[PDB]
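Undergrad: Sharing protein03.csv, CSV, C-alpha atoms:
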```csv
chain,number,residue,atom,x,y,z
A,6,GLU,CA,10.5,2.7,-13.2
A,7,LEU,CA,7.6,0.8,-11.9
A,8,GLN,CA,5.2,3.6,-12.5
A,9,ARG,CA,6.1,3.7,-16.2
A,10,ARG,CA,6.0,-0.1,-16.5
A,11,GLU,CA,2.6,-0.3,-14.9
A,12,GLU,CA,1.4,2.6,-17.1
A,13,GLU,CA,2.6,0.9,-20.3
A,14,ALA,CA,1.2,-2.5,-19.5
A,15,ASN,CA,-2.6,-2.7,-19.8
A,16,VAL,CA,-2.4,-6.2,-18.3
A,17,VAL,CA,-0.4,-7.4,-15.3
A,18,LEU,CA,-0.7,-10.9,-14.0
A,19,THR,CA,1.0,-13.5,-12.0
A,20,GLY,CA,1.5,-17.1,-13.1
A,21,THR,CA,3.8,-20.0,-13.6
A,22,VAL,CA,5.4,-21.0,-16.9
A,23,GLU,CA,4.0,-24.4,-17.9
A,24,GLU,CA,5.7,-24.7,-21.3
A,25,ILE,CA,8.2,-23.0,-23.6
A,26,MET,CA,6.5,-22.4,-27.0
A,27,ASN,CA,7.7,-21.5,-30.5
A,28,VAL,CA,10.3,-18.9,-31.5
A,29,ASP,CA,9.4,-15.8,-33.6
A,30,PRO,CA,12.4,-15.9,-36.0
A,31,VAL,CA,11.7,-12.4,-37.4
A,32,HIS,CA,11.7,-10.6,-34.1
A,33,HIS,CA,14.1,-12.9,-32.2
A,34,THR,CA,11.7,-13.8,-29.4
A,35,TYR,CA,9.7,-16.8,-28.1
A,36,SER,CA,6.4,-17.5,-26.4
A,37,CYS,CA,5.4,-19.6,-23.3
A,38,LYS,CA,2.2,-21.1,-21.9
A,39,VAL,CA,1.5,-19.6,-18.5
A,40,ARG,CA,-0.9,-20.7,-15.8
A,41,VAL,CA,-2.4,-17.5,-14.4
A,42,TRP,CA,-2.8,-17.4,-10.6
A,43,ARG,CA,-4.2,-13.9,-10.1
A,44,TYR,CA,-4.6,-10.8,-12.3
A,45,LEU,CA,-3.2,-7.6,-10.8
A,46,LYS,CA,-4.5,-5.5,-13.7
A,47,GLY,CA,-6.5,-5.8,-16.9
A,48,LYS,CA,-8.4,-8.9,-16.1
A,49,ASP,CA,-11.3,-7.4,-18.1
A,50,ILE,CA,-9.1,-6.9,-21.1
A,51,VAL,CA,-8.0,-10.5,-21.0
A,52,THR,CA,-11.5,-11.7,-20.5
A,53,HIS,CA,-12.8,-9.8,-23.5
A,54,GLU,CA,-9.7,-10.2,-25.8
A,55,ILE,CA,-8.0,-13.4,-25.1
A,56,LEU,CA,-9.3,-17.0,-25.5
A,57,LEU,CA,-8.1,-18.6,-22.3
A,58,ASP,CA,-7.0,-22.2,-22.3
A,59,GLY,CA,-8.4,-24.5,-19.6
A,60,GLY,CA,-9.8,-21.4,-17.9
A,61,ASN,CA,-6.4,-20.0,-16.7
A,62,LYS,CA,-3.7,-20.6,-19.3
A,63,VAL,CA,-2.5,-17.8,-21.5
A,64,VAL,CA,0.3,-17.7,-24.0
A,65,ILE,CA,2.7,-14.8,-23.5
A,66,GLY,CA,5.0,-13.8,-26.3
A,67,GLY,CA,8.0,-11.5,-26.4
A,68,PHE,CA,10.4,-13.4,-24.2
A,69,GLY,CA,14.0,-12.9,-25.2
A,70,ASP,CA,13.1,-9.4,-26.4
A,71,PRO,CA,16.6,-7.8,-26.5
A,72,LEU,CA,15.1,-4.5,-25.2
A,73,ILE,CA,13.8,-6.1,-22.0
A,74,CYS,CA,16.2,-6.6,-19.1
A,75,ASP,CA,14.7,-9.7,-17.3
A,76,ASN,CA,13.2,-11.4,-20.4
A,77,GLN,CA,13.9,-15.1,-19.9
A,78,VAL,CA,12.0,-18.0,-18.3
A,79,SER,CA,12.2,-21.7,-17.8
A,80,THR,CA,9.5,-24.2,-17.1
A,81,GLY,CA,8.2,-23.8,-13.5
A,82,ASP,CA,9.2,-20.2,-13.2
A,83,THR,CA,6.7,-17.9,-11.4
A,84,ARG,CA,6.6,-14.2,-12.2
A,85,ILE,CA,4.6,-11.1,-12.4
A,86,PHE,CA,4.1,-10.4,-16.1
A,87,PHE,CA,3.7,-7.0,-17.6
A,88,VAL,CA,1.9,-7.4,-20.9
A,89,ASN,CA,-0.4,-6.1,-23.6
A,90,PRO,CA,-2.6,-8.1,-26.0
A,91,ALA,CA,-0.7,-8.6,-29.2
A,92,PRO,CA,-1.8,-5.9,-31.8
A,93,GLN,CA,-3.2,-7.3,-35.0
A,94,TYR,CA,-0.2,-6.2,-37.0
A,95,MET,CA,1.6,-8.9,-35.0
A,96,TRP,CA,-0.9,-11.5,-36.2
A,97,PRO,CA,-1.0,-14.4,-37.2
A,98,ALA,CA,2.3,-15.1,-35.4
A,99,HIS,CA,1.1,-13.6,-32.1
A,100,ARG,CA,-2.6,-13.9,-32.4
A,101,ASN,CA,-4.3,-14.4,-29.0
A,102,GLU,CA,-1.0,-13.8,-27.2
A,103,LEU,CA,-0.2,-11.3,-24.4
A,104,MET,CA,3.1,-9.6,-25.3
A,105,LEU,CA,5.8,-8.9,-22.7
A,106,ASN,CA,6.1,-5.1,-22.3
A,107,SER,CA,8.8,-4.9,-19.6
A,108,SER,CA,10.9,-6.9,-17.2
A,109,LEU,CA,9.6,-10.0,-15.5
A,110,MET,CA,9.3,-9.7,-11.7
A,111,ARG,CA,9.6,-12.3,-8.9
A,112,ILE,CA,6.7,-13.3,-6.8
A,113,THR,CA,7.2,-11.7,-3.4
A,114,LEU,CA,4.6,-9.9,-1.2
A,115,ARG,CA,6.7,-6.8,-1.6
A,116,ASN,CA,6.4,-6.8,-5.4
A,117,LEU,CA,2.8,-7.8,-5.2
A,118,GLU,CA,1.9,-5.0,-2.8
A,119,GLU,CA,4.0,-2.5,-4.8
A,120,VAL,CA,2.6,-3.4,-8.2
A,121,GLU,CA,-0.9,-3.4,-6.7
A,122,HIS,CA,-0.3,0.0,-5.2
A,123,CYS,CA,0.7,1.5,-8.6
A,124,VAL,CA,-2.3,-0.1,-10.3
A,125,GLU,CA,-4.6,1.3,-7.6
A,126,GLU,CA,-3.0,4.7,-7.7
A,127,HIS,CA,-3.4,4.9,-11.4
A,128,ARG,CA,-6.9,3.5,-11.2
A,129,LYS,CA,-7.8,6.3,-8.8
A,130,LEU,CA,-8.9,8.9,-11.4
A,131,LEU,CA,-12.4,9.8,-10.2
A,132,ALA,CA,-11.2,9.3,-6.6
```
Please render this file's structure as structure tokens.

TA:
Amino acid sequence: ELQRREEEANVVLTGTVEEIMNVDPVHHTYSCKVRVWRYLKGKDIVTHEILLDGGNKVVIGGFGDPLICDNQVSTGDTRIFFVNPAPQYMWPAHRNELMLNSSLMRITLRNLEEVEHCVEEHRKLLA
């Protein structure tokens, strides 16, 4: 469910796929260059852990991941991406990449509002 997906993704962002990158032969996945529009969660994590390209381009890996339902993209696609910075054990292959953690979501106000609500709910710890 969304609550779990949001909980397991330290970074959630919206963007459009600009280019399909290289395949990870060992893990059967591929990466893509994505132009970020807005961050719904974890902008600070990206800011401190990812070297952005051109100010708003990030490389997301993990596409094709057999364990993720909606895991494919084509150039021009726009989605809400649930990701986590690639851990070092995934380096060098995925160094500086955000890794897909769960299914890609379409850009609709409903999805935007719903994801934002889960992020906010979870953020509300003190409040």

Undergrad: CA of residue 61 in chain A and CA of residue 73 in chain A, how far apart in Å?

TA: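 So the two atoms, CA of residue 73 in chain A and CA of residue 61 in chain A, lie 25.1 Å apart.
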
Undergrad: Can you check which parts of range 30-74 of chain A lie within 7 Å of range 99-120 of chain A? Per residue, the shortest pair of atoms and distance in Å to one decimal, counting all atoms listed in the file, sorted by chain and number, as a tab-separated table.

TA:
```
residue	atom	partner	partner_atom	distance
A:55	CA	A:101	CA	5.5
A:56	CA	A:101	CA	6.6
A:64	CA	A:102	CA	5.2
A:65	CA	A:103	CA	4.6
A:66	CA	A:104	CA	4.7
A:67	CA	A:105	CA	5.0
A:68	CA	A:105	CA	6.6
A:73	CA	A:108	CA	5.7
A:74	CA	A:108	CA	5.6
```

Undergrad: Have a look at CA of residue 40 in chain A and CA of residue 54 in chain A and let me know their distance in Å, one decimal.

TA: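 Atom-to-atom, CA of residue 40 in chain A to CA of residue 54 in chain A, that is 17.0 Å.
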
Undergrad: Take CA of residue 7 in chain A and CA of residue 44 in chain A and report the distance between them in Å, one decimal.

TA: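 Interatomic distance here is 16.8 Å.
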
Undergrad: Using all atoms listed in the file, collect all residues at a distance of at most 10 Å from (-1.0, -19.7, -17.3) as written in the file, then present them as a tab-separated table (two decimals) with C-alpha atoms, in the frame of the given file.

TA:
```
chain	number	residue	atom	x	y	z
A	18	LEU	CA	-0.70	-10.90	-14.00
A	19	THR	CA	1.00	-13.50	-12.00
A	20	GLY	CA	1.50	-17.10	-13.10
A	21	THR	CA	3.80	-20.00	-13.60
A	22	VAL	CA	5.40	-21.00	-16.90
A	23	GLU	CA	4.00	-24.40	-17.90
A	24	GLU	CA	5.70	-24.70	-21.30
A	37	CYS	CA	5.40	-19.60	-23.30
A	38	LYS	CA	2.20	-21.10	-21.90
A	39	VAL	CA	1.50	-19.60	-18.50
A	40	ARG	CA	-0.90	-20.70	-15.80
A	41	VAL	CA	-2.40	-17.50	-14.40
A	42	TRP	CA	-2.80	-17.40	-10.60
A	43	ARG	CA	-4.20	-13.90	-10.10
A	57	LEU	CA	-8.10	-18.60	-22.30
A	58	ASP	CA	-7.00	-22.20	-22.30
A	59	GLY	CA	-8.40	-24.50	-19.60
A	60	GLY	CA	-9.80	-21.40	-17.90
A	61	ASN	CA	-6.40	-20.00	-16.70
A	62	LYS	CA	-3.70	-20.60	-19.30
A	63	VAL	CA	-2.50	-17.80	-21.50
A	64	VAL	CA	0.30	-17.70	-24.00
A	65	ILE	CA	2.70	-14.80	-23.50
A	83	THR	CA	6.70	-17.90	-11.40
```

Undergrad: Tell me, as a count of residues only, which residues lie within 10 Å of residue 15 in chain A, counting all atoms listed in the file; anything in the same chain fewer than 3 positions away does not count.

TA: 14

Undergrad: Identify which of the residues A:36, A:79, A:25, A:8 lies closest to residue 125 in chain A, counting all atoms listed in the file when measuring atom-to-atom distances.

TA: A:8

Undergrad: Of the candidates A:93, A:69, A:76, A:84, which shows the shortest atom-to-atom distance to residue 27 in chain A, using only C-alpha atoms?

TA: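 Among A:93, A:69, A:76, A:84, it is A:69 that comes nearest to residue 27 in chain A.
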
Undergrad: Choose the residue, out of A:123, A:52, A:70, A:94, that has the smallest atom-to-atom separation from residue 29 in chain A; count all atoms listed in the file.

TA: A:70

Undergrad: Which residue out of A:53, A:98, A:126, A:85 has the minimum interatomic distance to residue 35 in chain A when all atoms listed in the file are used?

TA: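 For residue 35 in chain A, the nearest of the given residues is A:98.
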